[PDB]
């Protein structure tokens, strides 16, 4: 049996705040050196985790998918009621499905992926939709320059067309700051290689959870300069993996997989049968190392003009980013730019969603 990630969609919000603008407004260009971040996606109040989630699934789903999906999981840290139920209805997925959320800071989409996989193993005629959707929102706060919005959707099924997922995974929980992302990375990666007897050399690329690209660089840097072809190739694949994040910001649970996407669409050296290592992390903390192998033809499921699409985002002045990003419901809403779905209103106090 081969089970894994068949398709990946991604949606961000429709506005962008440039770091240099934020810098000039707050009297800080140390975001370009410090965080290695150029711009962030800003979400209006009518585009929330649900509508970004639905957006990213609308990118990839077919009518057949919708008839065969019987599990919809929403990994998010951003109602009791799971966002996944709204997403299930907006997408028109067949009714005999489980829908729920999974939560553990930036880590949860990795657990959603594991459950999805085991579930398709067990019922190999089904498919599962994993959503990792978040809006990182902290003014004048030190988290302000690591804000972001977007969602990645993954369709998991057998004979996937992008990435075959492997059975060997290692998670770690430590009830517990850069020192942590890093120590969790070191200890998990070590035990991982010990238990499954693999080494940096068995891999073509390593992807990381990416709150901001500098932290991921640090984690990549922890990786055995003792392999020069490999050393260069790995650095290049790392640079390829952070490209999207540099324009979008922190998207919490989705960040690891947005890096995987940015890697598949931007590396020019990956081929079918190559193996990728992935390090998932969430504050608190929990981490997991898992791996995957590229399937022949995987480029056919990708997009080639994503960097162009992100440039279509409407730029905001800081004043208008403050106004739109921090708007709270009081409801009806101003019409803002959104993806295919939007929060239409609140009919007290039910959130009403629909196609725009």
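Numbering follows the first chain given and starts at 1.
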| query | finding |
| --- | --- |
| Unresolved deposited residues lying between neighbours residue 138 and residue 139 | 1 to 3 |
| Gap size, residue 227 back to residue 226 (deposited sequence, no coordinates) | 1 to 3 |
| 183 to 191 versus 93 to 101 - which carries the larger mean C-alpha B factor in the record | 183 to 191 |
| Mean Cα B-factor comparison, 102 to 110 or 231 to 239, giving the higher one as deposited | 231 to 239 |
| Options 247, 177, 262, 126 - largest CA temperature factor per the record | 177 |
| C-alpha B-factor winner, where the candidates are 77, 121, 79, 274 | 79 |
| Lowest, middle or highest third - CA B-factor, residue 297 | middle |
| Residue 150 - which third its CA temperature factor falls in, relative to the rest of the chain | lowest |
| For residue 44, the third of its chain into which the C-alpha B factor falls | middle |
| For residue 309, the third of its chain into which the C-alpha B factor falls | middle |
| Position of residue 144 among the chain's modelled residues by C-alpha B-factor, lowest, middle or highest third | highest |
